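As structure tokens, the structure follows; a few thoughts come after it.
Counting neighbours? That spans all protein chains shown, and the Cβs are built from the backbone with ideal geometry, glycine included. Laboratory data are not the source of any read-out in this text; all were calculated from the coordinates shown.
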Amino acid sequence: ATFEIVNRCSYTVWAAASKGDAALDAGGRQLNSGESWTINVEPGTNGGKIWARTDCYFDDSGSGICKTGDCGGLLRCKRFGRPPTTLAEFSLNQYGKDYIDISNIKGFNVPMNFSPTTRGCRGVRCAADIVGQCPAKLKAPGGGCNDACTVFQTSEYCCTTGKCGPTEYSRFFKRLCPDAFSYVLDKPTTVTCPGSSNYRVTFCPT
């Protein structure tokens, strides 16, 4: 499957693509404002994620640091990124279908649209100014809006027991972005697409 990753932000981002235990494609690349990077994701990929990283520095070997979404200091991510990260999440060719969503469960750093480029389903979008409106207690000093689990480490926020409800913090994410997950047990906003669809992830869609 192809994923065209497009940076419409006015700032550079470093795109990242991983399934947690391995890179997807090259795993990461710089995207200056307006640039597009097309990756190939193996069919059957389960639990893939794409995100943006901000304010990154890499040496000639591809080692460094990002303020948001850092994946073990690598340009080419092999693992998931450090919150806060708005997440484009996907599982492909799962009993003949693809499943896509956006999640704010690991916080928000950059607004995102995640849409098919092929027929048969709709896209999802989280493009509100979550950083600007972020509750004081969730503001990440390194940049972005943390989720409550990252900040407070409670069973309730982290859904450790598989019993948890919405919270004042999850309702903030859900108010600003109804079509993204706001907490682990949120009413799903997953979209079912035909198996082997292709996609575009657009940072800063509006």
Meets criteria (among the polar types (S, T, N, Q), closer than 29 Å to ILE65 by Cα, touching a strand residue (DSSP E or B) at 6+ places or on another chain (Cβ under 8 Å) and touching a residue at least 60 places away in the same chain (Cβ under 8 Å)) for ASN146: yes
Tally, over the range 50-69, of residues that are without any contact (Cβ under 8 Å) to a residue 12 or more places away in the chain and among the small types (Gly, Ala, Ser): 2
Taking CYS77 and the conditions (1) crowded, with 23+ Cβ neighbours inside 10 Å; (2) of a type outside the set (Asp, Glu); (3) within 23 Å of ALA180 (Cα to Cα), which numbered condition does it fall short on, given that it satisfies the others? (3)
Got a number for residues in the range 1-55 being among the hydroxyl-bearing types (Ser, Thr, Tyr) and over 18 Å from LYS67 (Cβ atoms)? 5
Give the residue, chosen from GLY44, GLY69, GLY64, that is within 25 Å of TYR183 (Cα to Cα), in contact with a strand residue (DSSP E or B) (Cβ under 8 Å, 6 or more places away or on another chain) and not aliphatic (A, V, I, L, M). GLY69
Of all residues making up the range 13-35, the number that are in contact (Cβ under 8 Å) with a residue 40 or more places away in the chain and of a type in the set (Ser, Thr, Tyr): 1
Looking only at the range 163-177, which residues are within 13 Å of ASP129 (Cα to Cα) and surrounded by fewer than 19 Cβ atoms within 10 Å (Cβ to Cβ)? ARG175
Scan the range 118-141 for residues that are under 24 Å from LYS67 (Cβ atoms) and surrounded by fewer than 16 Cβ atoms within 10 Å (Cβ to Cβ) and report the count. 8
Looking only at the range 150-173, count how many residues are assigned to a loop (DSSP other than H, G, I, E, B) and under 14 Å from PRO83 (Cβ atoms). 1
Would you please name the residue that is nearest to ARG53 (Cα to Cα), looking only at residues in the range 183-197 that are in contact with a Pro (Cβ under 7 Å, 6 or more places away or on another chain) and buried (at least 16 other Cβ atoms within 10 Å of the Cβ)? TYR183
Taking the range 57-74 on its own, how many of its residues are more than 14 Å from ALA26 (Cβ to Cβ) and either surrounded by fewer than 20 Cβ atoms within 10 Å (Cβ to Cβ) or of a type in the set (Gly, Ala, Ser) (or both)? 11
